[PDB]
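Structural overview
If you want the building blocks of each chain, they are given just below.
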Amino acid sequence: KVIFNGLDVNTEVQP
Amino acid sequence: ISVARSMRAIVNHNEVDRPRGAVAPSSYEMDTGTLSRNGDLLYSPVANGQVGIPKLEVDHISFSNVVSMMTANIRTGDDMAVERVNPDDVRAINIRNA
Amino acid sequence: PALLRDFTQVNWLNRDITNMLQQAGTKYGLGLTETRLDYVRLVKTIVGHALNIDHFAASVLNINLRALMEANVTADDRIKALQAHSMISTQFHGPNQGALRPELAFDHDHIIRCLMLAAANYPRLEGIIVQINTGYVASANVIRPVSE
Amino acid sequence: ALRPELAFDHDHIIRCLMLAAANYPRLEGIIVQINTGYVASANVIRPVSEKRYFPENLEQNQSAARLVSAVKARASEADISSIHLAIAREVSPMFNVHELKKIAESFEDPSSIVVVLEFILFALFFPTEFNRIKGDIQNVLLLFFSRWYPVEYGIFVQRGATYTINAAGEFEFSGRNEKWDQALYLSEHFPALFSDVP
Amino acid sequence: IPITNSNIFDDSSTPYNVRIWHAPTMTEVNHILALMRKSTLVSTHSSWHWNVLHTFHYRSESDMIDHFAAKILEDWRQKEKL
Amino acid sequence: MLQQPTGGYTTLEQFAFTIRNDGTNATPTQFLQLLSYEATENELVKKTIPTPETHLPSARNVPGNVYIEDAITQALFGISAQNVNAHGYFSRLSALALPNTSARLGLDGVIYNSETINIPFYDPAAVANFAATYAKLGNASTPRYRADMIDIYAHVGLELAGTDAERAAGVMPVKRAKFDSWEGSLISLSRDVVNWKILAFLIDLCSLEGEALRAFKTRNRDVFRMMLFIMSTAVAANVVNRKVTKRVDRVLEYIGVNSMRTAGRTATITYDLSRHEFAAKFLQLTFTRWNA
Amino acid sequence: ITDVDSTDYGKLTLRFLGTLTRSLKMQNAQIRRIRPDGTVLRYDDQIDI
Amino acid sequence: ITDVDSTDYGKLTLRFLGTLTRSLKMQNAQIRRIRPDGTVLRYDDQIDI
Amino acid sequence: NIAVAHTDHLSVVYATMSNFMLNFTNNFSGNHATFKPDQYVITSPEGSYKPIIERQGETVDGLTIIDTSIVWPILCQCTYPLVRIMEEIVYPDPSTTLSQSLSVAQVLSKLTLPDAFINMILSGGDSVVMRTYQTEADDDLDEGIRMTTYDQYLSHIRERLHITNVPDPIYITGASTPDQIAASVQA
């Protein structure tokens, strides 16, 4: 879709 | 009875060079020594070419020690972000192969 | 007490402490002493401060840190758990934080022990794990009840 | 005709540029912005409103649905800024080593070839930037090859996934399959897909 | 790879299954065999067909014992003529 | 730059290897004196060690100065070390392998990317000679280059427990090492040995030649044997203690046999699989060098 | 004092690791080519300007 | 002395496990396979982890 | 349909941008098989090591990561002056990009200067501490044998020898004739 120069993070793993 | 005693009579006597029964702190309270490569603490070497005595090897108390500690740059236990990406089609997924 | 040197007004004490400190065998210090920069970022990571502290606590603090740094397990390894708890062939990306975000390795041995133990003590543990799996099935949306 | 100003000190400027490159993270962006502006001022390219992504009928065709959803997965909406940046960075100096925005492609369906073209076009429009991120491209193309040309792939990978050039100029392949990292871009190693050695 | 009984009329659970391994260098073979001590019911011939290392994995120790006894009789019968 | 003596760097008192014991700094030899054995019916036979791969792994472009002494000694004897190959910085040693490189290996055990002030270092010739072999620690993990984790340990047995007769014969009974011991003896030994500046021992092992090398081997046999000892406890299948009339004898069964154990235990340091691979590789290299 | 905006100077501004300050000290520094190993090369008129 | 609260999921699980009677004697306890016959097998490298 | 707009127009924009004052690096040689960037560091005997190109991963600037999908709009959804029907071509004034290149260079020298300036001082400059032990009675403090620590030599002397293409000066052992020293000094 829209251009994005960077990692497109979605998950946030716990330690 | 005074087994925990580090020091005693921190005062001057007006006549004698030191009061009788005055107790200086042990040299071990003040030998900061070195952290070793293992992480074991050590006293300073007593003579050249000797490794120092590990502080846990012996019963003296050492009140100066090198504690390693992480700086602001190192951080641990923070939640970490990632781009999870789903399989394009569930039927195509391979449960099986070794 | 090594800090009392040339500051305490008590003469014998200052003399004695000066002697102990002037020995070859004993040398007081108040670190920083050991900096350790990263190999990639080139910034300081673990640093060795010579605190005024008992050698026992220092030894425990050092044991813990030594554990955390010698594991060579970065936060990136959490991805390996994520793959396990994810649908087969999900991919994960980034951000390659590197050595700068260390963590302890997943303690396989101890966890399996505690599990077998609890399963002995708490048969109801079964119903906990089932509950977890149930929820996963429920979220995978494989099958839904219907009126028809 | 005399200009009563000091001479451009070429040598000093390159030195201070190098020091700034060592110490000032913002330098890269600064230079890029200058270049971006040039492109923006050259008026060489503007986004249009309509998309010419598919041949007529093929978008609404029922059997095209996967390929469409494939193309739509890759085909991002235009922005003057991102485009001008893409153009500018072909000329701008790179300091922090570049990385590809990693793609998860199994390459099962034929439509997956989109990603392959997505790289080929990238290598045509932007040979330079392609040259920086190419190993990260090779990690993807290797999946495409192993899935589409398994036997040629086994041969190639048996030769080595990478190579180094020796002083005589001859190529020297690793003999080993190993995933590329951009950490290697600054090393002696090159992705082996781009060796052009038959 | 599962193996069937040599007889094809015996449709019953297969005693074990062969497992081809990636190998190919001797070193990779060593490593695999070292790691096989960590597995459960697993065994190998002194050398392998196609020169590809492959190991047998048994459903149970009885099946394993039968395979071992069979192959022992074959080595015995062979060394008898060697 | 520290000049290498006609003997190795090891002749210098600055590099002396000593484990703490009986309240002093014992030389490894006087500790090895306490070692005693119980031969079992089983036998170790030393097979020829495979020649190490010619390949030197690339010292990938690394800005930092790798602490390699700490990395090796902790990989081999460190109590808490794990996943030693995933960081894989042992490869960096190959940077020193080149003639006329700008890198220096400091006595701190750091591989500086360039010569630096107030940091004494080994003669670059000798470090080139050492790196030429030990950079191959870097390819400990690569599948093509892994060393045997089983047969190599027989050599360890032969070099430790092995009597001059057994060593001549090349076969010895699988032994069961034992020594009178203080609490946590194996752990303190493994740290005293982790603290060693072993790079002296290795650089001398790799740079010396002729009568100097032979004198080096006779002078340092006990050092090598001690490293071998900590390693053998990392691989020993179990380590019991015995009551012996108000004394306690530590007992490792068995010398020369890798149990391949990876489970942790209080008595000794444990090898994760990566440590097993690394140690096997290290043994390959060091033993190949120990015979010439 | 010289009215320069020296913010972010001598620092990495990584998105995930945060800002990281490197040492600025570099007394007697030189611009030098490095071998890909990362080790420094002697200056050469043949290649370096 | 050392009870430290849980995370809400841990409260739910501790509640679910019920009262911790802990009749099992942990003195020198170990994890070992029984034979189906009811005897306790020795540890076996070659089968137990 | 768009290739003329790329080759016959945008290509010139690359050709001129390549001559811009601040595009100082050699980005790519046209051959993927062999090209590697020239790689440099600021570096000192004192111990600093500062690569110009380095890999730190994604940065706040958003320049590091590349979405290659950008090629699709460039083909399938972007107009060009050449396509299409006739449109006047813009030739930007040099003065804008030039003058901002120049202003950037002055911003940069102004910025690096305090760093460069402090370090000139911490270096101790072009001089070295030197003991001068006397070998005879009636020796002035100036007279005697000059000597210095190795750290000073590394820090101040040796780089200059390297920079002047001369053999590294000989070590002196016990067996050292003055003539060898003369050959070395003249070398």
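What counts and what doesn't
Sequence order sets the numbers: each chain starts from 1, possibly unlike the entry numbering, and residues with no coordinates are not included. Numbering of ligands from 1 and lettering of chains from A proceed in the order in which they are written. Each value listed here was derived from the chains shown, which are themselves a piece of a larger assembly. Excluded from the side-chain calculation are hydrogens and water; included are all heavy atoms of the structure. Working definition of a nonpolar core: buried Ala, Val, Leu, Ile, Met, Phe, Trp, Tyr and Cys residues. They are joined through side-chain atoms within 4.5 Å. Classification of residues uses two cut-offs on accessible area relative to the type maximum, computed with a 1.4 Å probe and protein chains only: under 20% is buried, over 50% is exposed, and between them is partly exposed. Strands are runs of DSSP state E lasting at least two residues, helices are runs of H or I lasting at least four, and both sets are numbered from the N terminus onward. Contacts between residues were defined by any pair of non-hydrogen atoms, one from each residue, lying within 4.5 Å. Working convention for charge: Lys and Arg count positive, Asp and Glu count negative, and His plus the chain ends are omitted. Salt bridge criterion: a side-chain nitrogen from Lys or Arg within 4 Å of a carboxyl oxygen from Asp or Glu. Polar contacts here mean pairs of N or O atoms no more than 3.5 Å apart (in protein, one a potential hydrogen donor and the other a potential acceptor; neighbouring residues in sequence count only if both atoms are side-chain atoms). In this analysis, strands are considered paired if DSSP registers two or more bridges between them. Buried area is a sum: the accessible area each of two parts loses on coming together, probed at 1.4 Å, counted once for each and added. Amino acid classes used here: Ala, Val, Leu, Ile, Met, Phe, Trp, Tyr, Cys and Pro are nonpolar; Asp, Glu, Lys and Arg are charged; the rest, including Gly, are polar. Buried and open spaces are told apart on a 1 Å grid over the protein atoms alone, a cavity being a set of points where a 1.4 Å probe fits but cannot get out and a pocket being an open set with protein on both sides within 12 Å along at least five of seven lines. Residues with an atom within 4 Å of a point are the lining residues. Grid points are joined across faces, edges and corners, and a volume is the space filled by probe spheres set on the points. Helix span, as expected, comes to 1.5 Å for every residue beyond the first. Every axis in this analysis is a line fitted to C-alpha atoms, fitted for helices over the stretch in contact. Angles between the N-to-C directions lie between 0 and 180 degrees. These descriptions rest on fixed angle ranges, namely under 35 degrees for roughly parallel, over 145 for roughly antiparallel, 65 to 115 for roughly perpendicular, and the rest for oblique. Crossings are classed by handedness, with left-handed meaning an anticlockwise turn of the near helix from the far one by less than a right angle and right-handed meaning a clockwise turn.

In the PDB header, cryo-EM is given as the technique by which the entry was determined, and 3.1000 Å as its resolution.

Chain E appears in the PDB entry as Structural protein VP3 from Bombyx mori cypovirus 1. Under its PDB record, the entry appears with the title "Atomic model of cytoplasmic polyhedrosis virus with ATP".

The name given to chain B in the PDB entry is Capsid protein VP1, with Bombyx mori cypovirus 1 as the source organism.

**Let's talk about the nonpolar core**
Core analysis: the largest hydrophobic core is formed by 89 residues, its most contacted members being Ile72, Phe130 and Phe229 of chain F. Counting residues per element, this core draws most heavily on helix α10 (residues 221–235) of chain F, which supplies 10 residues. Once you skip the residues sitting within four places of it in the chain, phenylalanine 229 of chain F turns out to touch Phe31, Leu35, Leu160, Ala177, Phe179, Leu186 and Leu252 of chain F. Membership of the second largest hydrophobic core comes to 52 residues, among which are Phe126 and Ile137 of chain D together with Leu10 and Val13 of chain I.

**A few points about the side chain of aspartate 16 of chain C**
Tracing the chain through its elements places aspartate 16 of chain C in helix α1 (residues 11–22). Ignoring sequence-local partners within four residues, the contact set of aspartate 16 of chain C consists of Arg18 and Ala24 of chain B.

**Here's the deal with the side chain of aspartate 204 of chain F**
Residue and element names in this part refer to chain F. Structurally, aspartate 204 is set in helix α8 (residues 198–207). For the buried residue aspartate 204, which engages in no salt bridge, the nearest side chain bearing the opposite charge is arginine 219, 6.1 Å off. Here the side chain of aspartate 204 touches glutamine 4 through a polar contact of 2.9 Å, side chain to side chain. In terms of polar contacts, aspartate 204 uses its side chain to reach the backbone amide nitrogen of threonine 10, at 2.8 Å. Excluding residues within four positions of it along the chain, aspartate 204 makes contact with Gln4, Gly8, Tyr9, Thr10, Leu213 and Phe216.

**A closer look at the sheet that holds strand β6 (residues 110–112) of chain F**
All names here are of chain F. Strands sit in the order β4-β6-β5 across an open sheet of 3 strands; the sheet is antiparallel. Taken across any chain shown, the strands that pair with only one partner, and hence form the sheet edges, are β4 (66–67) and β5 (104–105). Two strands pair when backbone bridges link them, and β5 and β6 are joined in this way by 2 bridges, in the antiparallel orientation. Looking at β6, one finds that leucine 105 is bridged to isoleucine 111.

**As for the interface of chain D and chain G**
Residue-level contacts link 12 residues of chain D with 14 residues of chain G. Each partner contributes to the roughly 990 Å² buried at the junction of chain D and chain G, and carbon and sulfur atoms together form 60% of this total. The three residues of chain D that bury the most area against chain G are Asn23, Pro25 and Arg26 of chain D, which together make up 44% of that side's buried surface. Taken together, chain D and chain G are joined by 1 salt bridge. A salt bridge links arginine 26 of chain D to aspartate 8 of chain G; its shortest N-O distance comes to 2.5 Å. For the interface between chain D and chain G, the tally reads 2 residue pairs in polar contact. Element by element, the count of residues in the side of chain D that touches chain G is highest for helix α1 (residues 10–23) of chain D, at 6 residues. Considered class by class, the residues forming the side of chain D that touches chain G number 7 nonpolar, 2 polar and 3 charged.

**Points about unusual backbone geometry**
Between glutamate 253 of chain F and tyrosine 254 of chain F the backbone carries a cis peptide bond, its omega angle lying at 0 degrees. With omega at 0 degrees, the peptide bond leading from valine 83 of chain I into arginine 84 of chain I counts as cis. Locating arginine 84 of chain I in the fold gives a position in the loop between β4 (78–79) and α3 (94–123). Backbone geometry places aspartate 6 of chain C, a non-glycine residue, at a positive phi of 50 degrees. Despite not being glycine, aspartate 196 of chain D shows a phi value in the positive range, around 55 degrees. Tracing the backbone through its elements, the reader meets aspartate 196 of chain D in the segment after β5 (189–191).

**What about empty space enclosed by the protein?**
One number sums up the size of the largest cavity: a volume of about 220 Å³. Surrounding the largest cavity, 18 residues form its lining, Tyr24, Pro25 and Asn96 of chain D, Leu12 of chain G together with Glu54 of chain I being those nearest its centre. Contributing elements (two or more residues each) for the lining of the largest cavity: α1 of chain D together with β1 (11–14) of chain G. Ranked by residues supplied to the lining of the largest cavity, first place goes to β1 of chain G with 4 residues. Residues belonging to the lining of the largest cavity are distributed by class as follows: 8 nonpolar, 5 polar and 5 charged. Taken together, 14 residues line the second largest cavity, and the ones lying closest to its centre are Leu7 of chain A, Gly94 of chain C, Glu99 and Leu100 of chain D together with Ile65 of chain I. Here the residues of the lining of the second largest cavity are counted per class, giving 5 nonpolar, 4 polar and 5 charged.

**What about the interface of chain I and chain D?**
Counting from both sides, the interface comprises 68 residues of chain I and, opposite them, 90 residues of chain D. Overall, the association of chain I and chain D removes approximately 7,400 Å² of surface from exposure, summing both partners, and the carbon and sulfur fraction of that is 67%. The interface formed by chain I and chain D contains 3 salt bridges. Across the salt bridge formed by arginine 55 of chain I and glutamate 99 of chain D, the nearest N and O atoms sit 3.0 Å from each other. Seen at the junction of chain I and chain D, the total is 25 residue pairs in polar contact.

**With respect to the environment of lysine 36 of chain I**
Tracing the backbone shows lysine 36 of chain I in the loop between α1 (3–17) and β1 (40–43). For the pair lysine 36 of chain I and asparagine 19 of chain I, spaced 17 residues apart in the sequence, the C-alpha separation amounts to 21 Å. With sequence-adjacent residues up to four places away left out, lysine 36 of chain I is seen in contact with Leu184, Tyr185, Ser187, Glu188, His189 and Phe190 of chain D. In terms of polar contacts, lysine 36 of chain I uses its side chain to reach the backbone carbonyl oxygen of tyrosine 185 of chain D, at 3.0 Å.

**Observations regarding the environment of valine 174 of chain F**
All names here are of chain F. Tracing the backbone shows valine 174 in the loop between β7 (171–173) and β8 (176–180). When the C-alpha positions of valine 174 and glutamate 41 are compared, they lie 7.3 Å apart, and in sequence the two are 133 residues distant. Not counting the four nearest positions on each side in its chain, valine 174 is found in contact with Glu38, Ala39, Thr40, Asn42, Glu43, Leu44, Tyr254, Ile255 and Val257.

**Structural notes on the pattern of salt bridges**
Following the criterion strictly, the structure yields 50 salt bridges over all chains and no others. Its salt-bridge partner being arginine 33 of chain G, residue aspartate 38 of chain I comes within 3.2 Å of it at the nearest N-O pair. Here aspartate 38 of chain I, found in the loop between α1 and β1, pairs with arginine 33 of chain G, found in strand β3 (residues 30–33), and the two come from separate chains. Accessibility expressed as a relative area gives 12% for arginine 33 of chain G, which makes it buried. In this structure, a network of salt bridges that share partners links the residues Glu38, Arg176, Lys178, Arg242, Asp249 and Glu253 of chain F.

**Considering helix α11 (residues 273–290) of chain F**
Between its first and last C-alpha atoms α11 of chain F spans 25 Å; for 18 residues at 1.5 Å apiece the expected length is 26 Å, and the two agree. Within α11 of chain F, 15 of the 18 residues are buried, which leaves the element mostly enclosed by the surrounding structure.

**Section: the packing of helix α5 (residues 125–140) of chain C against helix α1 (residues 8–17) of chain H**
Between α5 of chain C and α1 of chain H, the least distance of the axes is 8 Å, while the angle of their chain directions is 140 degrees. As summarised for this structure, α5 of chain C and α1 of chain H are arranged oblique, according to the angle between their axes. Once α5 of chain C is placed against α1 of chain H, the crossing between them reads as right-handed. The residues of α1 of chain H that touch α5 of chain C, namely those facing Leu125, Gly127, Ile128, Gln131 and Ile132 of chain C, are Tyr9, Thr13, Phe16 and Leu17 of chain H. Here the residues of the contact of α5 of chain C with α1 of chain H sort into 6 nonpolar, 3 polar and no charged.

**Details of the sheet that holds strand β9 (residues 238–243) of chain F**
All names here are of chain F. With respect to topology, 3 strands assemble into an open sheet ordered β8-β10-β9, the strand pairing being antiparallel. Of all strands in the sheet, those bounded by a partner on one side alone are β8 and β9. On average, each strand axis in the sheet is inclined to that of its neighbour by 25 degrees, with strand direction left out of account. Relative to strand β10 (residues 248–253), β9 runs antiparallel, the two being bridged by 6 bridges. What sits directly across from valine 240, in β10, is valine 251. Its contacts with the sheet place helix α7 (residues 185–194) against β8, β9 and β10, and it is angled at close to 70 degrees to β10.

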